[PDB]
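Here the structure is laid out as structure tokens; the discussion comes afterwards.
Protein chains in written order, with the entry's author numbering: chain C, 1 to 91; chain B, 1 to 91; chain D, 1 to 91; chain A, 1 to 91; chain A', 1 to 91; chain C', 1 to 91; chain B', 1 to 91; chain D', 1 to 91. A prime marks a further copy of an entry chain.
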């Protein structure tokens, strides 16, 4: 029932349903926790979940770091990529 | 004094007074913790506490599982029963 | 520096200054933690700190129990004494 | 990404940007944690981060103690210096 | 407006909304400061705010000590409990 | 030269020039500090400075409280008015 | 060791080494603090340190006023001289 | 709980565990503050904590001066010893 609640939260974030979220979590071969993180991230950044996961592999990072980066980017008022580049520019 | 505070929180949730909550806790033969859980659940679902407990026996579950089901149902925009059926449907 | 902050919080709650709070803490022979608890309590109940402390002895309880009783009373919409009587009526 | 988030919080608090915050952290030769602390302090006290740091050296104290003093001063309705003088006055 | 800002920080940290944060502050009968502390703690530790609070009562400690333990645990790469056990082990 | 720098910051925020900012600060009969606060606020909220000042009188508050409310609203993802109403609803 | 650190920060700002900075500090007969201020200024304005000091004598001002003028000019998007003329124009 | 956190930070910096850091703090007969300073220093210099502490005696200075020298060296791009020699060359 817990995973279901997580899925319901993710479905809330992505504006979709719970079944779609469930199939999407399988498609990307991930757990519901990672899916929820990616949901929060995608919501704070203003993109989709799949785009989020793709950017998460592109920059070669985990879902937590990506969520944190999406929050940070939301604060600073930029995209996640600009925020990563800024994270590296200062080392 | 702790149980009384629990009862006061439950009274906040259920919109009643503390004595009604106590007599209700006797009626259903439950503890103040279970009563408080059922209160939160009843708030998230939009039903009464007694209705909540009855649904908790109907579906043959605990108060905690019922609470989780009420949150899950609250996000997706359905009732607790639809949430139970969906909880079994996806395994 | 911490104890001073406790005194400043208590002074905020009781609407007085920090020196007054300190002297009140001396007068009643209590610690700044107990003073802060009694301050919060006094605010939730809508009385002074001294009234709160006197009520704490009247009912023969600790500062923690009194604070919990003040919270409970804040929720239920009654006095701390009525809440105590309700705490006894239900055992 | 964590340090970047700290920098984003500090940049939010100080109303500046994140790069400006980092360069400010270089100027004063401090860490991002100290920078964020000095930011909070500066907000509760109503000064800049640099002013906060100068006041922090003036009194020969740490950033944490200064933060506590800024909170205390914010509550009591005084400046950080009067709060220090009060910190010594009461021993 | 200040308490509201604290609630907004806590709501940002916990990834929820502000109203949810307030109702969460009622549920646990705590102040917004304690709520924010428990939020930070929950972030550094990787748990919920409620889980954080339960762990805070389990060990019979304050919210500040718990926050410090969550930071320590985040740095050292352990749980908050192992950090507590380490806090006692070294005396 | 300080007031001029403040005016340059405000002109940065409002996307206008320094002379316009100066005449605008006179028009509203305010100091440059209040103007800068209103600039930050108007930027975080996505409105003009005059609209900001008008909302600041409408709700009968100061410039600092309004800036804090604009930041909070920026975090929560709502307008300043909804944030004020939420600030009152919970008391 | 402090002055050396100031010199190292100044060396960061001016992009040179520490010895060049020291000999430059002798050349202009100034202290390391003034040198550091002039470094920051030179960075914000996009000129050299010597150019900065020469402009500081040209306009007959201190290093601090020149720094403030460089920031002010940096926001509005003009040179320090335009900023001086504008500083006098508005009184 | 604070001293434990200092030890955890130092353990982060030195890449070891907290117990190792504690035993190192005993071996060298120093406080956790000095240990943390020496940790930061050792990180900025790219050596171990013991090397840093030995270098602190070699040059006959305090932990603060050594940390400042490590920062300076980090900026200028040299070793702590070369930075010390530069600190003496300029008097």
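Heads up, the beta-carbon is just placed ideally off N, CA and C, and yes, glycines get one too.
Less than 8 Å between the beta carbons of residue i and residue j, yes or no?
{"i": "residue 25(B)", "j": "residue 18(B)", "result": "no"}
{"i": "residue 69(B)", "j": "residue 52(B)", "result": "no"}
{"i": "residue 35(D')", "j": "residue 8(D')", "result": "no"}
{"i": "residue 42(B)", "j": "residue 14(B)", "result": "yes"}
Nearest-angstrom Cα distance between residue i and residue j?
{"i": "residue 85(D')", "j": "residue 22(B')", "result": "14 Å"}
{"i": "residue 49(C')", "j": "residue 48(A')", "result": "39 Å"}
{"i": "residue 90(D')", "j": "residue 88(C)", "result": "35 Å"}
{"i": "residue 61(A)", "j": "residue 72(A)", "result": "15 Å"}
{"i": "residue 44(B)", "j": "residue 63(D')", "result": "57 Å"}
{"i": "residue 66(C')", "j": "residue 1(C')", "result": "26 Å"}
{"i": "residue 30(C')", "j": "residue 38(C')", "result": "10 Å"}
{"i": "residue 12(A)", "j": "residue 40(B)", "result": "35 Å"}
{"i": "residue 27(C)", "j": "residue 16(C)", "result": "15 Å"}
{"i": "residue 46(B')", "j": "residue 20(A)", "result": "16 Å"}
{"i": "residue 93(D')", "j": "residue 54(D')", "result": "Beyond the ends of chain D' as shown, which are 1 and 91, falls residue 93(D'); an answer cannot be given."}
{"i": "residue 3(B')", "j": "residue 3(A')", "result": "43 Å"}
Measuring alpha carbon to alpha carbon, tell me which residue in the options is nearest residue i.
{"i": "residue 5(D)", "options": "8(A), 4(A), 75(A), 44(A)", "result": "75(A)"}
{"i": "residue 59(D)", "options": "40(D), 30(D), 80(D)", "result": "80(D)"}
Does the beta carbon of residue i come closer than 8 Å to any beta carbon on chain C'?
{"i": "residue 15(A)", "result": "yes"}
{"i": "residue 49(A')", "result": "no"}
Go to residue i, then tell me how far its alpha helix (DSSP H) extends in each direction, as first and last residue.
{"i": "residue 62(B)", "result": "Note, residue 62(B): premise wrong, no alpha helix (DSSP H); not H, not E."}
{"i": "residue 31(D')", "result": "From DSSP, residue 31(D') is part of no alpha helix (DSSP H); its letter is neither H nor E."}
{"i": "residue 80(C')", "result": "80-89"}
{"i": "residue 49(A')", "result": "49-58"}
{"i": "residue 14(B')", "result": "2-14"}
Step through the CB atoms of chain A and report whether any lies within less than 8 Å of the CB of residue i.
{"i": "residue 12(C)", "result": "no"}
{"i": "residue 40(C')", "result": "yes"}
{"i": "residue 44(D)", "result": "no"}
{"i": "residue 5(B')", "result": "yes"}
{"i": "residue 71(C)", "result": "yes"}
{"i": "residue 9(B')", "result": "yes"}
{"i": "residue 53(C)", "result": "no"}
{"i": "residue 76(C)", "result": "yes"}
{"i": "residue 37(C)", "result": "no"}
{"i": "residue 80(D)", "result": "no"}
Shorter than 8 Å from the beta carbon of residue i to some beta carbon of chain B'?
{"i": "residue 1(C')", "result": "yes"}
{"i": "residue 85(D')", "result": "no"}
{"i": "residue 26(A)", "result": "yes"}
{"i": "residue 18(C')", "result": "yes"}
{"i": "residue 91(A)", "result": "no"}
{"i": "residue 68(D')", "result": "yes"}
With a cut-off of 8 Å, does the C-beta of residue i fall near any C-beta of chain B?
{"i": "residue 58(A')", "result": "no"}
Does any residue of chain D' bring its CB to less than 8 Å from the CB of residue i?
{"i": "residue 33(A')", "result": "no"}
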